[PDB]
Ligand SMILES: *[C@@H]1O[C@H](CO[C@@H]2O[C@@H](C)[C@@H](O)[C@@H](O)[C@@H]2O)[C@@H](O[C@@H]2O[C@H](CO)[C@@H](O)[C@H](O)[C@H]2NC(C)=O)[C@H](O)[C@H]1NC(C)=O
Ligand SMILES: *[C@@H]1O[C@H](CO[C@@H]2O[C@@H](C)[C@@H](O)[C@@H](O)[C@@H]2O)[C@@H](O[C@@H]2O[C@H](CO)[C@@H](O)[C@H](O)[C@H]2NC(C)=O)[C@H](O)[C@H]1NC(C)=O
Ligand SMILES: CN(C)CCNC(=O)c1cc2c(cnn2CC2CCCCC2)cc1Cc1ccc(F)cc1F
Ligand SMILES: *[C@@H]1O[C@H](CO[C@@H]2O[C@@H](C)[C@@H](O)[C@@H](O)[C@@H]2O)[C@@H](O)[C@H](O)[C@H]1NC(C)=O
Ligand SMILES: *[C@@H]1O[C@H](CO[C@@H]2O[C@@H](C)[C@@H](O)[C@@H](O)[C@@H]2O)[C@@H](O)[C@H](O)[C@H]1NC(C)=O
Ligand SMILES: *[C@@H]1O[C@H](CO)[C@@H](O)[C@H](O)[C@H]1NC(C)=O
Ligand SMILES: *[C@@H]1O[C@H](CO)[C@@H](O)[C@H](O)[C@H]1NC(C)=O
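Numbering (full-length UniProt numbering), first residue to last: 31 to 557.
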């Protein structure tokens, strides 16, 4: 029996057998007043103590959110949908400490992704019990608000200021500062890590001053704030807020009266109208996301980055080979998870209209120009592979590289990886490759479980990734010093070296997607 006393009360953990060892899990610790009733849309209010022993023995409610209904029954897409009840009462976090209780352990804090509209910390692929067991780090994850309930913004108006989901996270980071010492964790050695919108959330904590003192280092997996889907403009955020007010009858004229009106609508009514607040939509459409609120973010983050105004520390940043493929079966004509999705120039051109709806005819032509100079015109998958690369280079790879370039320029160590291993278990078709989101199980040491059908080569690759991530977290340097591993160079805006992760040879390469990213980063922004 194990009971930790937090500043707000006592909490009872539970015991987990992992790899002939024992990990203690604390699942579902409240970290704020439930944002219910008059607290909907407002910032997370601090929590009143409890006298009891909170039985943090089961994952808490996931936050309200629309569910991806594109592949019922299919574990490839369903493994990402929430696996506890949805509920506005969802501000909870989890703690995996190694047993025997550590003394002064590095803390890893996981922020999930999901387009800022979806996600939950209780996913099987976010299970921190492995990392605690193998590397004796403490893993913490939290649920934060998503969609309108977590990112609605009427600027200046505390009734709905924006970035509430980000403030949810930041209140969790602070819970860890005030409480993790009781769990055997060193609040002075905290590494934020996250994926996709999680990764972009991590970058926004580097920029936000109120986060400066809540963490030590940062890890950005397939995502950063300068990604085109990541920050909403103050204009759009109001249009999207008001358009939502029409669709729900809640359109008033006193702004606060509008918010008053939405607080009395049902979570399902708000959930069901979010989709239409944009006039056109793409599969990469963050309807309600981060904005420049003058509280969490003081200015347009693209400026803060450019002018060095961020927490000075080490970052580890990477992306997956085929970031873009998953999105093609959510709309692109001629694509399917269930055939080889060979497509034509005309199908290719039509999918550009799908993925860049507001872009001029010449913008769409320029994308076709820079991705169809076929080295070999014979290949039939030319246009299929091109579109995946379009979406992946524009939405994920290039913004990650540009962020690492820019952030390293102010003198901090940065390490870049390129994950190129396709899971031996992966349930999606082969034309999709190394998909967005499918390094996460390797980062969390799930292949370390030999009773899971992963190959032995995958066991090692996970084992090495878990070592590298932990060393980065403890000592700001992501090396695997013992097993004669390939050393991981720092990323310098000059030479731009990165590490490839794979089951065969881990190599050191240079200037990833240089041709493609000069286009996306210098030309295309101007069209
Ligand atoms: C700001 O919002 C208006 C309104 O959008 C319409 O109403 C919403 C509730 C939602 O259902 C949208 O799809 C609606 O279109 C936008 O103006 C609309 O623009 C679209 C573009 O296709 C047009 O078809 C509609 O008829 C327009 N309706 C009105 C009332 O103007 C406007 O474009 C939005 N601004 C931005 C920057 O997105
Ligand atoms: C690949 O499949 C797509 C998707 O269509 C569905 O999936 C198939 C596996 C099969 O069950 C189809 O009958 C399904 O409808 C096909 O795209 C369709 O293509 C036809 C003709 O090309 C067109 O009328 C439809 O509008 C398309 N629908 C969608 C949703 O894209 C595509 O033709 C298949 N291509 C190859 C090369 O196999
Ligand atoms: C990385 N994790 C975050 C993976 C989780 N799902 C997605 O990221 C995703 C979601 C998508 C789309 C297009 N529309 N929606 C709708 C969402 C958002 C709003 C309400 C309905 C649900 C595309 C993708 C990309 C995607 C899908 C499956 C997958 F295996 C890996 C992936 F990369
Ligand atoms: C919280 O849990 C208390 C003790 O839990 C029970 O006993 C221990 C030894 C374990 O076996 C555990 O799995 C058992 O459930 C309960 O006595 C107490 O009522 C619980 N409080 C709640 C659920 O509010
Ligand atoms: C815990 O340790 C604190 C300082 O050490 C920290 O850990 C190492 C790994 C580095 O990241 C370093 O920067 C950190 O400062 C002490 O101040 C603290 O009192 C220690 N507490 C206990 C209970 O051991
Ligand atoms: C809007 O309504 C609120 C709630 O009564 C009120 O306090 C606020 O001052 C109003 N503002 C205007 C401009 O009418
Ligand atoms: C190093 O190699 C041994 C086998 O010689 C393996 O059991 C161990 O876990 C490895 N550690 C890593 C890759 O971090």
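Even for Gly, the Cβ is constructed at its ideal location relative to N, Cα and C.
Which residues mark the beginning and the end of the alpha helix (DSSP H) in which residue i is found?
i	result
residue 499	486-505
residue 527	Segment 527-531 is the beta strand (DSSP E) holding residue 527; no alpha helix (DSSP H) there.
residue 134	First-last for residue 134: undefined, no H or E at that position.
residue 265	264-277
residue 551	Looking at the DSSP string, residue 551 is not in any alpha helix (DSSP H), and its letter there is neither H nor E.
residue 303	297-303
residue 289	285-293
residue 379	375-385
residue 190	From DSSP, residue 190 is part of no alpha helix (DSSP H); its letter is neither H nor E.
So that I know if they touch, is there some Cβ in chain C lying closer than 8 Å to that of residue i?
i	result
residue 99	Looking at the structure shown, chain C is missing, and only one protein chain is on hand.
For ligand 6, is there any heavy atom lying closer than 7 Å to the beta carbon of residue i?
i	result
residue 271	no
How should residue i be labelled, buried or exposed, when 16 other C-beta atoms within 10 angstroms of its C-beta is the threshold for buried?
i	result
residue 80	exposed
residue 36	buried
residue 16	Because the chain here runs from 31 to 557, residue 16 falls outside it and cannot be looked at.
residue 95	buried
residue 323	buried
residue 251	buried
residue 517	exposed
residue 537	exposed
residue 539	exposed
residue 468	buried
residue 545	exposed
residue 319	buried
residue 429	buried
residue 177	buried
residue 483	exposed
residue 212	exposed
residue 53	buried
residue 104	exposed
Per DSSP, which one or two residues make a beta bridge with residue i?
i	result
residue 128	53
residue 156	Residue 156 pairs with nothing; no bridge assigned.
residue 92	116
residue 352	465
residue 446	347
residue 225	251
residue 60	122
residue 170	125 and 139
residue 84	41
Report whether the distance from the Cβ of residue i to the nearest heavy atom of ligand 5 is below 7 Å.
i	result
residue 219	yes
residue 341	no
residue 504	yes
residue 133	yes
residue 216	yes
At a cut-off of 7 Å, would you count residue i as near ligand 4, judging by its Cβ distance to the nearest heavy atom?
i	result
residue 31	yes
residue 427	no
residue 42	yes
residue 83	yes
Can you tell me where the beta strand (DSSP E) with residue i in it begins and where it stops?
i	result
residue 413	No beta strand (DSSP E) contains residue 413, which is instead part of the alpha helix (DSSP H) from 412-422.
residue 44	44-48
residue 247	247-251
residue 470	Premise fails: residue 470 lies in the alpha helix (DSSP H), 470-473, not in any beta strand (DSSP E).
residue 210	Residue 210 -> no beta strand (DSSP E), and no H or E assigned at all.
residue 107	It is not in any beta strand (DSSP E) - residue 107 instead sits in the alpha helix (DSSP H) that spans 105-108.
residue 34	33-36
residue 540	538-540
Closer than 7 Å: is that where the CB of residue i sits relative to any heavy atom of ligand 1?
i	result
residue 309	yes
residue 327	no
residue 306	yes
residue 244	no
residue 542	no
Does at least one heavy atom of ligand 3 sit under 7 Å from the Cβ of residue i?
i	result
residue 199	no
residue 241	no
residue 181	no
residue 171	no
residue 154	no
>> Any residue with its C-beta under 5 Å from a non-hydrogen atom of ligand 7 counts. Can you list them all in chain order?
In response: 493, 494, 497 and 513
> Who sits around ligand 2, taking every residue whose Cβ is closer than 7 Å to one of its heavy atoms?
Replying inline: Cβ atoms closer than 7 Å to ligand 2 belong to 363, 364, 365, 366, 368, 369, 370, 371 and 372.
> Pick out every residue whose C-beta is nearer than 6 Å to a heavy atom of ligand 6: which are they, in chain order?
Replying inline: In chain order, the residues that have a beta carbon nearer than 6 Å to some heavy atom of ligand 6 are 284, 286 and 287.
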